[PDB]
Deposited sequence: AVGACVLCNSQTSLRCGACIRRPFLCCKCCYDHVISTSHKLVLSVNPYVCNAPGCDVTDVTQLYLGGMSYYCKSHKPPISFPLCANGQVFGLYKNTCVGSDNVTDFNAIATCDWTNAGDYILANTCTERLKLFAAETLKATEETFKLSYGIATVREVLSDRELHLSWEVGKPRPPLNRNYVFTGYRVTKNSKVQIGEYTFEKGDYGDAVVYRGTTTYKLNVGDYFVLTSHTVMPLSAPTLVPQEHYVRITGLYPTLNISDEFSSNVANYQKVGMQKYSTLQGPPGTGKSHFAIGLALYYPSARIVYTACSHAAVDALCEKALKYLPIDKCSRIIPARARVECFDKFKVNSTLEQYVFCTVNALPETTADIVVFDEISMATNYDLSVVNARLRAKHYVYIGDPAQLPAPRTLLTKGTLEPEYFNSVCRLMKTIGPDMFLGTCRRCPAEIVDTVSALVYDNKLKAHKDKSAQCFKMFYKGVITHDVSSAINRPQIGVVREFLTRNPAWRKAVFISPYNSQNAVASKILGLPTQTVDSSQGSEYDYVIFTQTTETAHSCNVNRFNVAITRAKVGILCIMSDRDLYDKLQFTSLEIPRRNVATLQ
């Protein structure tokens, strides 16, 4: 009840009753808020409501102080002062951006731009408000009750009438009824249960609406620059393998936090694990939002770091299969690998946060609250994919607005840049270098002469809204017959429904662009499927074509991106 103002820290008994997070607002700032927004309910120990019996006046601008109580204009005593006067709301201890964050529905991109260009306390208010809004939106969706169980991987669902049906992709994880978390993929549907249970007919599934906790720590700690390496003890005998990053590892010890921009295959995991070999006494906590990103850091550590000093932290509510080679849940080991949402409350000499474009400001703040470190290293690439913003439907979110770290990398530049792509054939490196890296990404490999492009719009069908292009899959089928080496290719597309159709017709393993991020394959077959802003997104395009080590086949819909591909064009 007695707290600090979210805009100027000035201690106050006032909280806005109309804000979903009920932020503490000082006398001067609370006024500026209520007089310029639909928000008029003000809270204290006792709320600002007319005390006269059965009176429903709750608007602070229509209320007054009758000695030590509150009444409206109809019930106030003769000796009464308005609660709103002289730019203040009467309270104990006597913003255009705050108003927009407090009242927006988070469906426009301009809302996310503001949530990242505002002050640090407003980045936290925006992050809790958004996450709480995203949670109440899960309640709007309809329940799915099991109508029939066909086999061990297929079932038929009955949906709730009057309430919308949530998108059926791996992005939406339901909580089954607690018969474990489950996911669905498209009258025959495919059921993927985290726990193996003999699907009961009648058992219902409801979305994982979790409670949004308040944020205390900033998204980024205030930057500190040092004259020498602080609290970290380096080696002189540092393996030749990691010699390329020695100046960069030293920059890490001479700053509180550092940003590393690493385009695809430039050595991000190698840099992250090599930092442990450079400061061999340093206790390092490796974190990322996804289990896949944490597991990819575990695979690199398994090769260079002693296995007895590693531990993979697994939340007691084990969602998916992850890394099994380190001792599980030993928080005290020198090397701790854990997803952000499972981080224990501990300290470290270095905290490494990978896949930084997938972090939200909420995740950035949680890491600063659960981990107190001498150094923080943020690794990722603002030219790769961001975290999905389920509420955002109007506008495109630019990389400088993904999070605070991405904002820094796109404005003031990253502290460190890994400039040599060692994964991709030169045709792919030269294409993305020009597209998203301002020609600063260099190719280590030669041109493979296995990178093809085909301009073919096909026919766009839809499974609700997820798109399908059967003629583009028909072109791939015709190509596979003529190019049997491509039998081992991974099929990639911007749509789950396109992938479902290609899995049956081609038999190739499938991956969406978003689920392919961080992974690499010898051959990639990409079908653009549509000409939407989603399938044309340059960050998504960049991720899609940089998955390939040897060859890529792109069946394109957009002329712009087709013309930019520095690939050999094919006919049909």
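- Comparing the deposited sequence with the modelled residues shows gaps at 95 to 102, 186 to 193, 203 to 206, 593 to 601, with numbering starting at 1.
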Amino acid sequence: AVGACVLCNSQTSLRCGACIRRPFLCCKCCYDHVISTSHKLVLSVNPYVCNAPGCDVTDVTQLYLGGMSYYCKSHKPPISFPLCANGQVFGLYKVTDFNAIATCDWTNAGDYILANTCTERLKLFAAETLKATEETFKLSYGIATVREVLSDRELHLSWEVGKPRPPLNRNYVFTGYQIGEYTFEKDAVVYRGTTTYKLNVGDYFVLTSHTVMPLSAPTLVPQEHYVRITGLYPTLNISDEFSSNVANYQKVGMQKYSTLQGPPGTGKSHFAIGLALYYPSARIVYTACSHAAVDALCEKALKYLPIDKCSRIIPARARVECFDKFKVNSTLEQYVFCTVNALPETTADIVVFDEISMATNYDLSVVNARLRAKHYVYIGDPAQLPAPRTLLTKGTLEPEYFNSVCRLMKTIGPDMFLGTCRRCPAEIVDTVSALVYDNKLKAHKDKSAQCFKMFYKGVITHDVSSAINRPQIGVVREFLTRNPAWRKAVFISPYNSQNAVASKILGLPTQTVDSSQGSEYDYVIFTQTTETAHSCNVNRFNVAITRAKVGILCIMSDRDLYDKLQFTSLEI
From here on, numbers count along this sequence of modelled residues.
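Superpose the two forms; the largest set of C-alphas matching within 1.5 Å is the rigid core.
- In 9 other deposited structures of this protein, superposed by the rigid core, the C-alpha atoms of 70 to 78 lie farther from the shown form than the other of 329 to 337 and 70 to 78.
- Looking at 462 to 470 and 255 to 263, the one farther from the shown form in 9 other deposited structures of this protein by average CA distance, after a rigid core fit, turns out to be 462 to 470.
- Modelling of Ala318 is missing from a third or more of the other compared entries in which both of its neighbours are modelled.
- In this crystal structure, the stretch out of 372 to 380 and 429 to 437 whose C-alpha atoms carry the higher mean B factor is 372 to 380.
- Mean C-alpha B-factor is higher over 292 to 300 than over the other stretch, the pair under comparison being 491 to 499 and 292 to 300.
- Taking only the listed residues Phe455, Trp106, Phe479, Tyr172, the entry reports the highest CA temperature factor at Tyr172.
- The top Cα temperature factor in the record, among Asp363, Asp324, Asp111, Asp415, falls on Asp324.
- When the modelled residues of the chain are ordered by their C-alpha B factor, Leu14 lands in the highest third.
- The PDB entry assigns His33 a C-alpha temperature factor belonging to the middle third of its chain's modelled residues.
- In this PDB entry, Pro47 carries a Cα temperature factor that places it within the highest third of its chain's modelled residues.
- Among the modelled residues of its chain, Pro484 has a C-alpha B-factor that falls in the middle third, as given in the PDB entry.
- Residue-level temperature factors show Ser216 in the middle third of its chain, judged at the C-alpha atom.
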